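Novice: Can you read through this structure? Questions will come right after.
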Amino acid sequence: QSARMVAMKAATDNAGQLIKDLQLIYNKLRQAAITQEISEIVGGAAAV
Amino acid sequence: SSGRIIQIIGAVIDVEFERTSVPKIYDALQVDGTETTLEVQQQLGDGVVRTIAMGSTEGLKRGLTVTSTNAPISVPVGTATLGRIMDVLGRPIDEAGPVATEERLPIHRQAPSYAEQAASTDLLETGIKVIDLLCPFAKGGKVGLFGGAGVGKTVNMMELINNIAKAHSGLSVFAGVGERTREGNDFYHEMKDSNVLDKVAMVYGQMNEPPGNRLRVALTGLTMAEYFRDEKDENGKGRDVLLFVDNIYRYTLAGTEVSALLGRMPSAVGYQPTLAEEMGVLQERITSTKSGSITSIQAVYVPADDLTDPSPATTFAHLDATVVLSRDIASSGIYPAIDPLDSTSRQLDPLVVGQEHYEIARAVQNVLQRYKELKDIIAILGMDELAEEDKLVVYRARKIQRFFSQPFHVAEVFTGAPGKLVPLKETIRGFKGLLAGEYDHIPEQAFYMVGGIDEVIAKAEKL
Amino acid sequence: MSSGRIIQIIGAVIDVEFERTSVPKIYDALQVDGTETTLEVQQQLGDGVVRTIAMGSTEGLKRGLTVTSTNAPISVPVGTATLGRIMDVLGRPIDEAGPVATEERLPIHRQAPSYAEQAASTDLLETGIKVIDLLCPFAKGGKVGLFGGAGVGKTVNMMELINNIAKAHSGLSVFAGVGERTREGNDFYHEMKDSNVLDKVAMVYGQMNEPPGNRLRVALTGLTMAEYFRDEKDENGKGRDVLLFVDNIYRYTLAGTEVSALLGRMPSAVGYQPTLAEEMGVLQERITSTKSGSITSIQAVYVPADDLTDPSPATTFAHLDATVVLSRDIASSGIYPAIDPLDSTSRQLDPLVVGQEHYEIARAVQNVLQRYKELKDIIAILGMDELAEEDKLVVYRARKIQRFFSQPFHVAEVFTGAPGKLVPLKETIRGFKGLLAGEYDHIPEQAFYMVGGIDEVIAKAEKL
Amino acid sequence: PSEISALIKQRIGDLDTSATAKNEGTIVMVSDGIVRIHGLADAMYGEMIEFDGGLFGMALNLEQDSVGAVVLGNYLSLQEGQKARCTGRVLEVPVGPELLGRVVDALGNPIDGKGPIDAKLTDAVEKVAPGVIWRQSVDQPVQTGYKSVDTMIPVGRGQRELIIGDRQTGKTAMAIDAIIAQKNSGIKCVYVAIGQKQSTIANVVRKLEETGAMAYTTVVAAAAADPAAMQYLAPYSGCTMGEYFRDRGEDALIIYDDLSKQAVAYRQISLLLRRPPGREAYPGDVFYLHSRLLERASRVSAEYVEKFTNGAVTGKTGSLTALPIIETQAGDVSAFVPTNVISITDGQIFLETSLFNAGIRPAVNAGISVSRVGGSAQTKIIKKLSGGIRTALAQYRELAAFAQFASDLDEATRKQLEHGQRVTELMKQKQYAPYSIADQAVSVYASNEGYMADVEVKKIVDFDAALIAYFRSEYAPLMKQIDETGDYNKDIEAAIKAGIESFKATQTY
Ligand SMILES: Nc1ncnc2c1ncn2[C@@H]1O[C@H](COP(=O)(O)OP(=O)(O)OP(=O)(O)O)[C@@H](O)[C@H]1O
Ligand SMILES: [Mg+2]
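See the structure below:
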């Protein structure tokens with residue numbers, strides 16, 4: 242019982258760490274997507 | 002006072018006219034060399050116009066004279082088109098000789114007015130288990146078919162065609178919109194061997210023609226359906242007609258193609274800003290009226306199974322049901338192979354369907370979705386370690402899946418082409434009994450590939 | 001002869017022509033002849049052609065209509081009477097209580113403060129709130145990052161700040177509503193009025209019912225107000241040191257993006273104006289102290305999309321000096337204010353700034369509060385009495401700390417009775433140090449709650 | 006018979022009284038309801054324009070040599086050479102209490118087939134919000150018949166509150182049901198529909214008529230088959246009609262539909278004007294566009310009322326509550342348009358797809374939906390009784406994970422879990438079944454009294470309905486008095502508890 246308890250605690254901690262990781266990468270990707278699309282739009286508008 | 006070819010770039014065409022004589026929008030322009038025709042898109046002043054080529058894009062010479070008709074695009078309509086396949090221009094493409102009628106009508110009428118909406122919602126039944134229980138239809142409705150590539154979707158539409166034809170003198174009509182012409186020919190011949198073409202009219206846009214043609218096939222089919230509905234027969238009310246869209250997405254893409262070359266700026270995805278305008282123009286001319294109604298079926302394609310972008314988003318704001326086909330249920334050997342858990346309709350309402358049918362649908366949703374989420378743990382341990390509770394649930398879910406297996410009326414060769422078209426009430430009875438457990442003592446196989454309780458019991462007794 | 005006539009109108013941008021011998025400079029002020037709308041020179045288009053923006057609605061207007069200039073940037077009233085008065089960006093009263101009393105007018109723009117005037121010292125503002133006073137001391141002429149949602153007493157904290165600065169340091173208060181919603185603005189007014197503090201503050205709002213230029217320039221408006229008050233010298237020189245309240249600078253950046261887009265200029269990485277940093281700075285450098293007087297800033301900050309790496313907050317942090325964050329749970333725990341005493345960061349947190357002992361004390365408090373925070377989960381799950389008794393002592397002491405950091409407010413006096421208590425350092429410091437010594441481990445946590453200095457705490461404890 | 010003949014003749018002799026010296030323009034360029042015209046040197050900004058075909062147009066771009074204007078009616082009837090003409094006026098639409106029971110165009114033109122409308126008054130669509138000095142606080146509540154809504158998310162007369170969520174989430178139903186609850190409020194209501202299937206529109210119409218509430222109600226719809234400009238301007242017109250009564254000292258409610266959609270239309274229009282695009286093609290002023298609309302609705306200081314009436318009315322204060330709706334893509338909040346919207350409202354409400362998919366009807370997620378106006382928008386009794394729900398729902402939502410758990414956990418956790426599960430289920434509700442505040446009151450009392458903390462969860466709704474009917478019959482004067490006032494008193498609660506314990510003692514559920 243003790244060992245299972247400790248392992249669950251560690252699992253929770255690793256989950257939190259991975260959550261941080263994913264959140265950071267998500268922010269980066271959202272920024273990149275916005276950049277790409279706005280560049281597309283401005284180029285297309287500049288076409289005329 | 003004839004215009005001339007002044008500039009051509011790909012799909013966009015321009016013509017000079019005498020400033021006094023100026024064509025109006027949406028009127029046909031006659032190439033004085035070839036049969037090819039031009040539609041006005043916008044007036045460029047000074048007698049200059051912008052147009053799109055209806056037909057081939059060959060044989061074109063800067064400075065070739067072109068004339069007009071000073072009138073919108075009108076094509077023949079009437080019973081003299083049934084069982085015939087026409088081009089975007091309404092010409093015989095089936096080599097069955099010219100059309101017989103001269104009843105020609107334009108294609109850009111306005112949407113039906115507000116005051117003339119059918120003052121009451123209606124319902125349509127198909128005699129099909131999963132649909133008439135979980136995907137109800139309103140006569141005049143809007144239906145979407147998403148995905149499905151391991152099964153014959155055209156088989157499903159043709160089944161619905163036989164459904165409506167035997168169900169009503171209300172004829173049917175299909176329009177080829179970016180048609181995978183292999184499947185189109187297959188459908189043509191299979192309807193042919195069905196001997197059912199008298200209630201069918203055919204126009205094809207088959208991924209080989211300037212984008213305008215594939216744009217406008219939709220309008221053609223719309224016009225045919227409109228007029229055919231408007232033929233008030235012996236009573237003052239014509240038949241309620243059915244439409245088949247080869248793909249709405251290709252209708253969107255047709256305008257999407259040359260929008261930028263039109264001088265249109267791109268949209269949020271780079272699309273055409275007039276997307277919603279044309280979409281509504283299309284849909285609002287598809288309704289139920291005070292006298293008669295028109296409904297349609299739309300074969301839907303989804304890009305990368307992604308719905309979270311405008312191209313399906315706009316469509317969804319006009320449908321009434323989202324029939325999403327299922328592949329692995331087909332792998333389960335199910336004939337219809339339609340998902341029972343994702344497909345919905347806005348028509349699922351007790352006030353319109355009654356209470357009992359609605360609540361039966363509720364219960365079956367609950368049991369199926371609960372059975373799904375236990376799959377993992379069942380795999381991990383087995384049925385035994387689960388409480389005795391939900392064992393009957395598993396059995397009932399399996400029997401439900403079997404009950405959904407509906408032999409097709411018209412395949413001509415899948416199980417003998419047997420029709421079921423079971424009444425909604427009988428299926429209600431059967432599913433009510435199954436939910437209660439009236440027959441939760443029989444192997445699910447007895448519920449497989451059959452219809453009502455009579456067939457299930459007879460099968461269980463014969464084995 | 002400065003009358004020029006409208007030549008072209010789109011949306012909010014406005015174009016006029018003038019004589020090629022008399023051309024207004026950029027940022028000059030144009031009053032439309034016969035109407036109360038005003039035009040702002042943006043870029044000289046040559047040929048006596050100028051492209052400008054309007055200040056308000058643009059309706060009914062028609063081309064060829066004459067417009068004069070002022071040959072100068074925008075000037076607004078400034079003076080002592082400006083308190084208790086709500087004006088537009090143009091410094092024109094909207095309280096509808098008569099015109100502005102002063103005849104003193106100053107142009108909105110001026111260059112950045114001289115390098116020579118940057119004071120060769122850096123010291124700390126005294127406040128009596130007992131929390132920032134230890135953990136995140138403010139510099140003199142600093143920028144304080146503030147975060148957290150509404151309903152946690154933001155207005156209340158501002159109330160207390162104003163009260164203290166005006167009371168002890170005789171500070172004057174200026175508030176700028178960038179992109180304000182009218183209802184909360186009016187509520188804030190009524191609060192200014194009931195709590196007898198309105199007479200000491202100068203108020204200007206820009207609503208989100210106005211074209212962007214209004215919202216952009218209310219900032220510089222309030223800034224200049226503050227500049228005038230500070231540079232207004234006192235007896236024997238040494239003009240006051242003042243505090244500036246500005247809402248949602250992020251809205252400011254957004255309005256800058258607005259006007260840049262309307263000019264038809266390409267976006268930035270995310271899509272802000274490419275010049276973003278320019279206006280950000282131009283705002284910043286006029287926020288500082290001088291050899292005469294000082295200015296300090298409180299700025300409401302909102303982080304859209306929670307991106308600490310977004311360009312706008314990134315540029316913000318380039319000038320931030322202290323960070324204060326507001327909690328929801330802490331307030332729900334009946335502790336006011338709900339300042340998280342664990343995320344607030346101060347550039348001034350150095351033994352070279354607050355002194356050696358003060359620095360070490362604060363670090364020790366931080367350690368204790370951390371230590372208890374990771375204790376919390378174990379206390380919850382595995383009980384309490386399964387740990388080191390020293391850890392339990394830590395628990396009690398940290399609880400006393402948290403109970404103590406909240407205090408009555410002199411603004412809270414009118415709210416719920418209970419007159420507030422002003423407290424400086426050198427008593428907070430001593431009391432906290434003694435608490436760290438554990439010499440008060442014989443007293444319930446209650447004596448620390450809703451109370452002033454440690455002497456008061458012991459008075460209550462004896463009386464409890 | 007001969008009557009009209011005299012009528013037409015007498016009318017005719019009233020005309021051609023002189024020759025006009027008007028200034029007008031002519032057509033140079035046409036594309037998709039957008040026209041470049043030449044001439045008309047003098048022109049009001051945003052002047053409404055007339056054309057030889059009887060149609061009308063809206064002038065936006067006053068360039069130095071020409072004019073761009075958008076078709077208001079239906080183009081595909083205009084050709085270069087035809088002559089425009091300004092009206093010497095700005096866009097204006099009619100208002101008036103006679104508009105009740107009437108359905109019109111975004112221009113204010115009947116579509117109900119009920120003939121002309123005798124509006125004595127018309128007004129310019131575009132105006133400005135009153136002076137912030139003419140704002141006084143919000144204290145009168147607005148009822149929704151939704152216990153969760155009316156408890157955790159109070160709504161006061163003149164407040165801007167946002168319903169938001171993903172698609173097919175009953176948002177339309179939420180708005181209309183909120184409308185229904187106005188049998189007794191005495192306020193009037195306006196529904197604004199944007200880009201909708203006339204079928205849906207007519208269904209809503211018919212349903213409302215069944216409720217009969219289309220008598221203190223007016224509605225306009227910019228369906229999907231309408232000129233984009235019509236759609237773009239329509240919400241402003243609705244705001245105009247609302248402001249009519251607001252400035253009459255009256256209190257009312259209005260509802261938008263798909264402000265996102267009209268934003269799309271405006272995007273398209275601006276784009277066709279060759280204006281500089283912004284992010285996602287959105288001209289920046291979209292923020293300005295929406296904001297200049299929303300703030301026009303509020304609760305005003307009665308002093309403003311009095312001075313506007315010039316003495317006509319002196320007692321009441323006008324108000325107007327704003328209930329807009331935004332549809333979202335996969336529940337994002339970071340999209341530019343919603344992001345703009347958020348900082349504008351006084352409070353927001355989310356809809357979660359899973360809950361309705363889980364059959365949670367309604368599917369509101371109270372976990373993030375807030376109303377920063379506080380209890381000031383509740384009645385005293387509800388203001389009193391909300392806290393129990395508040396805290397119970399809190400505790401549940403932190404620790405709801407234990408559903409299958411708590412076979413070994415401490416008992417207090419189990420009891421609190423049962424409490425939470427029951428109260429969570431309590432809010433499941435059907436459309437067109439508004440709860441009077443008395444009904445909500447008895448439900449909350451039974452909740453906090455724990456008299457439902459002893460009954461199975463599956464029949465909680467049945468329990469509630471039975472209780473409802475029981476009081477409704479037995480103790481009608483009590484609820485009468487309650488909803489007359491909405492005050493919490495020891496006598497009142499004692500009567501309520503006596504009735505409850507009687508019900509438990511009496512007929513079972
Ligand atoms: N509490 C309820 N009980 C029973 N049915 C309900 C309930 N709430 C909503 N519905 C049903 O759900 C259906 C769909 O809701 P609705 O059409 O209002 O979603 P929507 O978001 O407005 O759709 P769209 O996004 O297309 O505008 C309605 O037809 C309504 O009958
Ligand atoms: Mg809706």
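Chains as they are written, first to last, in PDB author numbering: chain g, 242 to 289; chain D, 2 to 464; chain E, 1 to 464; chain C, 6 to 514.
All C-beta atoms in this analysis are idealised placements derived from N, C-alpha and C, irrespective of residue type, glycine included.
Between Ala286(C) and chain g, is there a C-beta pair that is closer than 8 Å?
Specialist: Closer than 8 Å to some Cβ of chain g, the Cβ of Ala286(C) qualifies, so yes.
Novice: Report the residue from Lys502(C), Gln426(C), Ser441(C) and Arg377(C) whose alpha carbon sits nearest the alpha carbon of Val160(C).
Specialist: Nearest option by C-alpha distance: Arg377(C).
Novice: Going along the chain, which residues of its own chain have a beta-carbon closer than 8 Å to the beta-carbon of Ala331(D), five neighbours each way excluded?
Specialist: Cβ within range, chain order: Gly151, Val152 and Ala338.
Novice: If we cut at 8 Å on Cβ distances, does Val247(g) have a partner in chain D?
Specialist: It does not; no Cβ of chain D falls within 8 Å.
Novice: Distance, Cα to Cα, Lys167(D) vs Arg430(D)?
Specialist: Approximately 24 Å, taken between the alpha carbons.
Novice: Taking 8 Å as the threshold (beta carbon to beta carbon), is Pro343(C) in contact with chain g?
Specialist: Answer no: the Cβ-Cβ gap between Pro343(C) and chain g never drops below 8 Å.
Novice: Under 8 Å, CB to CB, which of the residues in the region 290-306 of chain D have a partner in chain g?
Specialist: Those residues of the region 290-306 of chain D that come within reach of chain g (Cβ to Cβ, closer than 8 Å) do not exist; the list is empty.
Novice: Alpha carbon to alpha carbon, what distance is there between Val449(C) and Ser327(E)?
Specialist: Spanning the two alpha carbons is a distance of roughly 30 Å.
Novice: Identify the continuous alpha helix (DSSP H) that holds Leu223(E) and give its terminal residues.
Specialist: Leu223(E) -> alpha helix (DSSP H) spans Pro212 to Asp231.
Novice: Does the beta carbon of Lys176(C) fall short of 7 Å from some heavy atom of ligand 2?
Specialist: Flag set: Cβ of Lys176(C) near ligand 2.
Novice: What's the call for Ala503(C), buried or exposed, on a 16-neighbour Cβ count within 10 Å?
Specialist: Label assigned to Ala503(C): exposed.
Novice: On the criterion of 16 or more Cβ atoms from any shown chain inside 10 Å, does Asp340(D) qualify as buried, or is it exposed?
Specialist: Flag for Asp340(D) reads buried.
Novice: Mind checking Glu389(D): buried by the 16 CB within 10 Å criterion, or exposed?
Specialist: It counts as exposed.
Novice: Opposite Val67(D) in the DSSP bridges: which residues?
Specialist: Bridge partners of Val67(D): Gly4(D) and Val32(D).
Novice: With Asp350(D) and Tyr359(D) assumed to form a contact (beta carbons below 8 Å), what rounded beta-carbon distance in angstroms separates them?
Specialist: Confirmed, Cβ separation roughly 7 Å.
Novice: Is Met208(E) close to chain C, meaning its C-beta is less than 8 Å from at least one C-beta of that chain?
Specialist: True, the Cβ-Cβ gap to chain C drops below 8 Å.
Novice: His410(E) by DSSP, collapsed to three states: which one?
Specialist: Note: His410(E) maps to coil in three-state DSSP.
Novice: So, for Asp343(D): in the same chain, excluding its five sequence neighbours on each side, which residues have a beta-carbon less than 6 Å away from its beta-carbon?
Specialist: The answer, listed in chain order, is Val325.
Novice: Buried or exposed for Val133(C), going by 16 or more other Cβ atoms inside 10 Å?
Specialist: With fewer than 16 other Cβ atoms within 10 Å, it is exposed.
Novice: For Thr68(D), which residues in the same chain have their Cβ closer than 8 Å to its Cβ, ignoring the five residues on either side in sequence?
Specialist: Answer for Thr68(D): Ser3, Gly4, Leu30, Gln31 and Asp33, listed in chain order.
Novice: Based on the DSSP secondary-structure assignment, which residues constitute the bridge partners of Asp241(E)?
Specialist: Partner(s): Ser294(E).
Novice: Of all the beta strand (DSSP E) runs that stay within the bounds of the region 223-296 of chain C, which reach a length of 3 or more residues?
Specialist: Complete beta strand (DSSP E) runs here, min 3: 256-260.
Novice: For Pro311(D), return the contacting residues in chain g, with the cut-off set at a CB-CB distance below 7 Å.
Specialist: Simply none; closest approach about 13 Å.
Novice: Take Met179(C) and list the residues in its own chain whose beta-carbon comes closer than 6 Å to its own, dropping the five residues that flank it on each side.
Specialist: So the list reads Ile168, once near-sequence residues are dropped.
Novice: Report the option in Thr314(C), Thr396(C) and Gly336(C) whose CA atom is closest to the CA atom of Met157(C).
Specialist: Taking only the C-alpha atoms, the option nearest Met157(C) is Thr396(C).
Novice: So what's residue 541(C) in DSSP terms, helix, strand or just coil?
Specialist: In the structure as shown, chain C starts at 6 and stops at 514, and residue 541(C) therefore has no counterpart that could be examined.
Novice: Less than 7 Å separating the Cβ of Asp33(E) from some heavy atom of ligand 1?
Specialist: Checking the Cβ of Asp33(E) against ligand 1 gives no.
Novice: Sorry if obvious, but does the Cβ on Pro367(C) come closer than 7 Å to a heavy atom of ligand 1?
Specialist: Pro367(C): yes, Cβ under 7 Å from ligand 1.
Novice: Could you tell me whether any non-hydrogen atom of ligand 1 is closer than 7 Å to the CB of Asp321(D)?
Specialist: For ligand 1, not one heavy atom lies less than 7 Å from the Cβ of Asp321(D).
Novice: State yes or no: is the beta carbon of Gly151(D) nearer than 8 Å to at least one beta carbon in chain g?
Specialist: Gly151(D) does not count as touching chain g.
Novice: Which first and last residues belong to the beta strand (DSSP E) in which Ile199(C) is found?
Specialist: Note, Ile199(C): beta strand (DSSP E), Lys193 to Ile199.
Novice: Got a sec: is the Cβ-Cβ distance from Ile279(g) to anything in chain D below 8 Å?
Specialist: Not closer than 8 Å to any Cβ of chain D, the Cβ of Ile279(g) fails to qualify, so no.
Novice: Kindly indicate which residue of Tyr205(E), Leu45(E), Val41(E) and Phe18(E) has the alpha-carbon position closest to the one of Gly136(C).
Specialist: Considering only alpha carbons, the answer is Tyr205(E).
Novice: Any heavy atom of ligand 2 closer than 7 Å to the Cβ of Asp194(D)?
Specialist: Checking the Cβ of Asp194(D) against ligand 2 gives no.
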